[PDB]
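*Asks:* Provided hereafter are the protein sequence and its experimental coordinates.
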Amino acid sequence: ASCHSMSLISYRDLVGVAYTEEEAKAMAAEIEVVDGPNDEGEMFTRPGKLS
Amino acid sequence: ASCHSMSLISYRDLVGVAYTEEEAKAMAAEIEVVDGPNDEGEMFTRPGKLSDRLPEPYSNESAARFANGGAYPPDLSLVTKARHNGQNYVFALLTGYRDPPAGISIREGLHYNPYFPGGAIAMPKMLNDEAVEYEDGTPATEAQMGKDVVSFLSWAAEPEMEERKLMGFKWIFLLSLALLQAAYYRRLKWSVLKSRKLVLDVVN
Amino acid sequence: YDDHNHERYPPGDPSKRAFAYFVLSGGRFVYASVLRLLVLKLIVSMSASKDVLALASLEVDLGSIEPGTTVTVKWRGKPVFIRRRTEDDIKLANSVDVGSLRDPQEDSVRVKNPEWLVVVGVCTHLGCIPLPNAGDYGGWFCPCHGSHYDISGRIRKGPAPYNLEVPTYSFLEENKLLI
Amino acid sequence: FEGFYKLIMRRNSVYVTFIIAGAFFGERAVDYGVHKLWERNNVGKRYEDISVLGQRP
Amino acid sequence: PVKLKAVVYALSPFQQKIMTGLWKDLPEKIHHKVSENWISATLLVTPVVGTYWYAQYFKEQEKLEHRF
Amino acid sequence: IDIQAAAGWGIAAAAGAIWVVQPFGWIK
Amino acid sequence: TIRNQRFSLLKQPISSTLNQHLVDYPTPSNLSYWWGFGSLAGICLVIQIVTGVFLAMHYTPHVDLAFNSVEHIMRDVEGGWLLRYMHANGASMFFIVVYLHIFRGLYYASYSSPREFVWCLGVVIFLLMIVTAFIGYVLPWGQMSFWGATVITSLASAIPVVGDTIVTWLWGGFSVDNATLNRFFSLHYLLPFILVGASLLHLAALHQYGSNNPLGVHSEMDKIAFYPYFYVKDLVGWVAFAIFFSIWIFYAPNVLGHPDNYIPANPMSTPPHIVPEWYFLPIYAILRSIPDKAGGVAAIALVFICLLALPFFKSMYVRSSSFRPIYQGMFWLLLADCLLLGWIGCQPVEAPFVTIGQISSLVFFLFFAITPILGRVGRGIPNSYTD
Amino acid sequence: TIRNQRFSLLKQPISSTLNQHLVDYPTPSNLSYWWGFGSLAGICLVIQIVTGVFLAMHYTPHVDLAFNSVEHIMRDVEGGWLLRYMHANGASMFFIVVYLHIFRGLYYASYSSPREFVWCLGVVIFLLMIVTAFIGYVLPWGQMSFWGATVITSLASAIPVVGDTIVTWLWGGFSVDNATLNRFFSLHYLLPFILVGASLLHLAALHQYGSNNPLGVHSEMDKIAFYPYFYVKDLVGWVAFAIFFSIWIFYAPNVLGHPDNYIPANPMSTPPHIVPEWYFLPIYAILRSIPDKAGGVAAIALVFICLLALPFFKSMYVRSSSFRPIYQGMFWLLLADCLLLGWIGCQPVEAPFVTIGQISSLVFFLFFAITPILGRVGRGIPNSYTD
Ligand SMILES: CCCCCCCCCCCCCCCCCC(=O)O[C@@H](COC(=O)CCCCCCCCCCCCCCC)COP(=O)(O)OC[C@H](O)CO
Ligand code: HEM
Ligand code: HEM
Ligand code: HEM
Ligand code: HEM
Ligand code: HEM
Ligand SMILES: COC1=C(OC)C(=O)C(C/C=C(\C)CC/C=C(\C)CC/C=C(\C)CC/C=C(/C)CCC=C(C)C)=C(C)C1=O
Ligand code: FES
């Protein structure tokens, strides 16, 4: 993963295949996903989710 | 342009309409456009070209709302087509900031405008005398500037109007000639039937 | 004859056939013009859009590479080939009979530099990109239909009728090439 | 005169050629007249009637 | 096939005038159109125009009664 | 009626080609 | 005759069906210009199909690009503004010519026996036309497109048990979004070919018995060939329609629509005046009149039930309004009522328009309620009006 | 008999056309299973249309979204994998069935009089199928899609004076880009409907005279109704085809394809091996066997010229290969040659495959050159083989 993307795979895809839902949820929470813009109009960061 | 975007218009659209190719080229070269990525993967800026669109004043809709009291200044590319009586409405709203009727109070941050629905607008009045300097020398009065900007907005919304009108005149004249011919053709074909004398025995 | 709708010409009068052709030719002019207009509008709507034509002119710069390898670079939708050739490479490229070539052209004409070979890398046959370091002549090979190009980009084997197109280019000092 | 006027009425190929030519010339003549009257009706409003056309600064 | 007995006389299209009939008997044409169709024209125009005018009057009265 | 007709229809086809496609400038 | 040699080429098997169904088909000699609107409808269908096929080469069915691709057609495609205006105004033209067709049918009782199946096919064609034009109006993805899609896809929620399930299935999600637009675009390419097939079946069913005429009588003794007489008669109407269409295209391209569809779709705000195209206005007024969702949907379906049941009502044997003065007056009242309903649909939901719409929908349904009793009463006219 | 009362509903005007064209149509009793492939091809066409309509609900024809929209069909929409595998391998099934159909027609000389028009309409249908399948293969916007579109649109450049302008008109620009993909999408929705119409015309032309039979003889003395006998025979064929198609769909969904199209289109790099779908490979081989642009395009056109001119050759009066030993042997050689051309199209353009491709193309054209000579000579068989 340090060099190859897997842009087609979501964290929800692993649920019921290799991980429980809580396991994949914590996995996604470990990463920092960009999001926004907020009400003030800036891009920010949030924990990753299953989607 | 300080607060309104015109994202459907590009500098090449002005050529042959209001500026020469070189004039629009220099005007585009006076702006900065985000380009990239370069070979190292990093974005950069460059002077604009003819094909570049008009620059946006804000990064996104939320940033526009935050800088304007929460109200979003709409894109003006199709404004004259996007409101009923668009040209007249825009001219009247631009030149129609006046004091509210007795018994009407406007909350802080808004300004009264009877042409605007509800009456309270979040846009301040910015068409004021001598707000612009005109290269041609015509006095930049409020009405002059409003008329000129509505003319520009009318063109921007409907850039095909002149070709379309030139086509409607030629084709309605031609199709009317064709209608005359078609009437003559139908009547000529049907005359043998319409003038015929029919003899039968019945009476009632 | 009933005359409510049409009144007859007096008996013994010549036919109006030739008058009627003239009135009818009149409107047939317009019908043909309308057909032509509608068909041509439909056809021209598929031609290149104004914005597509807008992005049809630009130039870029380049750097340098090792003596004997190539690097493709980018343009409109079209690769551009760069190949600095060696001395033995020039010896090979300057020993082919022009008469035997289907597109007679010498290497010297195609190149603005003795060893730097710059050429548009699109097959002249049907638009594929010819693979470098491949073929029967140490130049390029187009996989699509088997077109072989020599080190100078001249077609030598295959259906392609032309050599690879040389674009306008120039140097700046030693390592800045403007296409 | 009479040669063409006898060919047009007697051979349909010549009549079709006459129709095509008439369409071509009539459509061009109306395009021309419609543009002349358009130019007359809009004096001074053209892109090339701009006085400062060519001096942006 | 219906068994028909009739005699039909017809004149060639190239021996008669094609367009003048448009403007012949014109008063008769107008009179027939008006006299046969005025009831239908009334039955079509009256409800639409009446409903429209009544709606306009209602709107004007409602607008006035809400003023001060 | 066979050669004259062929010539006439060829002339009509050529005129129609010149009318549909109008390459006034390709006379080079 | 023994067909040893080839006679006229039109009678050869290569063109015999086109000669018999299109060239030599017998037609009542007294057909008026009101009988020229079926062909106009067909030409409108063809115009829509051709212009839409060439418009689909430039349109992108994605919420981030649909609006901008429609503006890219207007602005960048050579001839693009003409493709769009012809298609958009073509849709209005189709509805005008089809409404005139339908009311021609109603005035002359063209739905009556033996042509009931023709009328039922026509009603199915009208349904297909409505679905096609609606989903087409959503493609631009403006304000009107988005909110109009939000209502008609919610009409299934009138169903108690599965209504919400049907709404969320048609949406492809929990809101009107990209899935809805993509599926609308696919349906909107497909439906016109089903409309072409339905029109072909319509014409075949009509040609089983031939056309009715303004007198409403049996016409075998005075029939003539469709070509060239009704060909030239229809050509006059075609050229006049071209003039009308050209006026709309070149001089009033946007007066038939609303300016609100030039605003990109906003699921947050809602336009204060959410209207459909003018040709759906009477239906929308009849739906708004009933102060209940389920009742409104039932009334909309009852409209088409009444249309389908009209041919089968026991009636009198006279067809033409030319000899049925009371039915003639009912027809003119119905036409005024439909125009009133269309106008009311454009009005906001507020007095006095609510009551006016309720009365107008009531009168619309009274037309169909009263026609059968008129037939039953008028069956006794020949006994009563003797010599 | 006088039809005062109603007999079978099948003979009523509501159903009479369907009855006489699909239930009671006289059919030679000795038709073999090689006569079920027309119905199989019709079923393949309906399968393609249904799956493609449902897939167009989720596909986005934009260069930035098309590949991702396919992947989203495969991963996100329920049963999407099935819909895609069904459309992609149904194209292959369509071509397998149609090729078997064509070679049946060739073996039994079904193209001969009086069925020449049937064969010509079939040739037109084959051209439509080729265009449809190719532009459909462009839609995923993989490497194969982009580069195949490049070469096929470039084919027009073989014309000396106006070839470049045609190429740039087809592209909508100076390169294969979003305009190409969007116009290819519209064409892909449209062409299937024209295919349906052409197939209906094909069927009508065939029912002018009825089907040919394995003996090639006049069959009027032993004909039976299509329903139920050939219905149940075609049903056996439909179930067997379903098993075949299911094997492809569920267990080998990607064997009839190239992995390169799972790589997003890269306009910079042509893949080392660039080939069309397998059903186009023989035409690929004939194209590449000519060491000349214009020669290759002209050979491609000459293939269809020969196919169209086949029914009009002055031939002997014997149809079936079962009674024509020389033509039968030549047919089997032609089948082997076509399979060889398909295999050669998959090979890189290098020795020994250039010579093999050239010889195979020559043999393919020799079939059509030699059949008329065979007919002229065999005209003298009944005078030389005396009892
Ligand atoms: C794709 C094009 C290929 C190009 C090929 C290049 C040019 C070659 C063209 C000739 C075609 C090659 C194949 C011809 C031989 C076919 C095999 C054959 O016909 O042998 C028969 C044997 O009899 C013959 O036909 C031999 C005849 C030799 C040729 C004599 C020529 C004189 C006849 C001229 C008549 C011309 C028209 C004939 C129409 C059939 C089969 O006998 P049988 O099947 O009835 O039973 C025996 C077997 O054991 C059991 O099945
Ligand atoms: C002369 C230059 C301008 C023109 C022609 C113009 C035009 C318009 C128009 C047509 C509207 C929409 C009215 C409607 O909803 O119907 C509008 C709204 C708005 N404009 Fe401008 N504008 C101009 C300058 C500005 C400037 C300089 C600002 C900011 C300082 C601004 C801020 C806004 C805002 C915030 C709105 C939203 C108002 C609301 O919803 O209440 N405008 N303008
Ligand atoms: C796509 C739209 C339609 C097309 C193309 C179409 C076409 C036609 C055509 C060509 C005819 C024969 C000629 C004529 O009288 O006009 C016809 C007749 C008829 N159509 Fe339609 N039609 C359409 C929609 C409808 C609808 C919606 C109805 C009614 C619900 C309808 C009812 C009829 C009837 C009753 C006739 C017989 C008319 C008579 O003989 O007097 N049609 N149609
Ligand atoms: C197979 C035929 C057709 C195709 C491929 C097609 C395609 C399209 C496309 C791409 C658009 C979006 C671009 C635009 O809005 O201008 C559109 C819009 C539309 N279409 Fe169609 N269409 C077809 C037939 C029809 C028919 C038969 C009708 C009428 C019932 C119709 C009614 C509409 C309407 C009302 C719009 C919205 C127009 C607007 O306001 O911009 N279309 N169509
Ligand atoms: C109107 C009917 C049709 C529609 C709406 C349609 C639609 C589509 C769509 C949306 C795609 C892109 C999605 C994908 O790649 O799976 C596609 C691909 C394709 N279509 Fe069609 N199609 C139709 C009929 C046909 C027919 C008749 C054929 C064969 C002659 C065909 C052959 C193909 C092929 C080969 C592909 C590429 C498949 C792949 O590798 O993924 N389609 N079609
Ligand atoms: C979509 C493609 C096609 C469809 C749906 C189709 C349909 C049919 C059907 C149903 C039959 C009658 C039953 C049968 O003989 O199997 C038939 C017969 C026939 N077809 Fe096609 N066909 C197609 C393509 C073709 C092609 C490409 C050709 C030749 C180039 C062709 C030539 C013939 C011939 C000659 C017959 C007569 C067979 C005989 O009487 O023995 N067809 N077709
Ligand atoms: C003697 O008779 C018969 C045959 O021997 C000659 C046959 O070969 C067959 C079997 C094969 C047939 C009919 C193939 C038809 C193939 C076609 C036209 C391809 C596509 C099919 C479609 C879409 C049907 C189009 C028809 C209509 C009316 C459109 C509406 C239909 C639908 C919505 C599905 C049948 C049933 C038959 O009896
Ligand atoms: S594209 Fe290069 S040889 Fe065919």
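*Replies:* Done, it's in. Numbers count the residues shown, from 1 in each chain, chains lettered A, B, ... in the order given. Ligands and ions are numbered 1, 2, ... in the order given.
*Asks:* helices of the chain, start to end?
*Replies:* In the absence of a named chain, chain A is used. Ranges of helices in chain A, per DSSP state H, are A:11-14, A:21-29.
*Asks:* you answered for a different chain; I wanted chain F.
*Replies:* Under DSSP H, chain F gives helices at F:3-20.
*Asks:* in it, which residue is most central in space?
*Replies:* residue F:14 (1.1 Å; CA atoms, centre = their mean).
*Asks:* do you know how far that one is from residue H:342?
*Replies:* In this structure, residue F:14 and residue H:342 are 43 Å apart, going by CB to CB, to the nearest Å. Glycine gets a C-beta too; all of them are placed from N, C-alpha and C.
*Asks:* one step back: CSV for the helices of chain A, including mean neighbour count?
*Replies:* Below are the helices of chain A laid out as CSV (neighbours: other CB atoms under 10 Å in any protein chain shown):
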stretch, mean neighbour count
helix A:11-14, 16
helix A:21-29, 15
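*Asks:* neighbours around the residue of chain A found nearest ligand 7, how many?
*Replies:* As assessed by CB to the nearest ligand atom, ligand 7 sits closest to residue A:8 within chain A, at 35.7 Å. Residues near residue A:8, counting by other CB atoms under 10 Å in any protein chain shown, number 11.
*Asks:* chain C: strands as residue ranges?
*Replies:* Per DSSP state E, chain C carries strands over the ranges C:80-84, C:116-120, C:140-142, C:147-149, C:155-157, C:170-171, C:177-178.
*Asks:* does ligand 8 sit close to the fifth one?
*Replies:* I take that to be strand C:155-157. No: against ligand 8, strand C:155-157 shows no contacts by CB under 6 Å from any ligand atom, the least distance being 9.2 Å.
*Asks:* which helices and strands does that strand pack with?
*Replies:* If contacts are counted by 3 or more CB pairs under 8 Å, 6 or more residues apart in numbering or on different chains; DSSP states H and E, strand C:155-157 sits against strand C:147-149.
*Asks:* wait, does the strand it packs on contact ligand 8?
*Replies:* Yes: judged by CB under 6 Å from any ligand atom, strand C:147-149 and ligand 8 are in contact via residue C:147.
*Asks:* which elements pack onto that strand?
*Replies:* Checked by 3+ CB pairs under 8 Å, 6+ apart, strand C:147-149 has strand C:140-142, strand C:155-157 packed alongside it.
*Asks:* now the strands: where do they sit in chain E?
*Replies:* In chain E, the strands defined using DSSP E lie at E:7-9.
*Asks:* tell me which parts of it are close to chain B?
*Replies:* Applying CB under 8 Å from any CB of the partner chain, we find that chain E lies next to chain B at E:5-13, E:16, E:18-19, E:21, E:68.
*Asks:* how about the contacts made by residue 24?
*Replies:* All of this refers to chain A. Neighbouring residues of residue A:24 by CB atoms under 8 Å, 6 or more residues apart in numbering or on different chains: A:11-12, A:14-15, A:50.
*Asks:* wait, chain G was what I had in mind.
*Replies:* Residue G:24 neighbours (CB under 8 Å, 6+ apart): G:10, G:225-227.
*Asks:* top of those by neighbour count?
*Replies:* residue G:226 (19 neighbours).
*Asks:* any idea how far it is from chain F?
*Replies:* Distance, residue G:226 to chain F, by CB to the nearest CB, to the nearest Å: 29 Å.
*Asks:* the residue lying closest to residue E:25 once chain neighbours are set aside: neighbouring residues, count only.
*Replies:* Spatial nearest neighbour of residue E:25, chain neighbours left out: residue C:4 (7.3 Å); criterion: CB to CB, 6 or more residues apart in numbering or on different chains. Residue C:4 is flanked by 11 other residues according to other CB under 10 Å.
*Asks:* same question, the one 3 residues further on
*Replies:* By the measure other CB under 10 Å, the count of residues near residue C:7 is 14.
*Asks:* these two touch, right, it and residue E:18?
*Replies:* No: with contacts defined as CB atoms under 8 Å, residue C:7 does not count as touching residue E:18, sitting 10.0 Å away.
*Asks:* with that, I have no additional questions.
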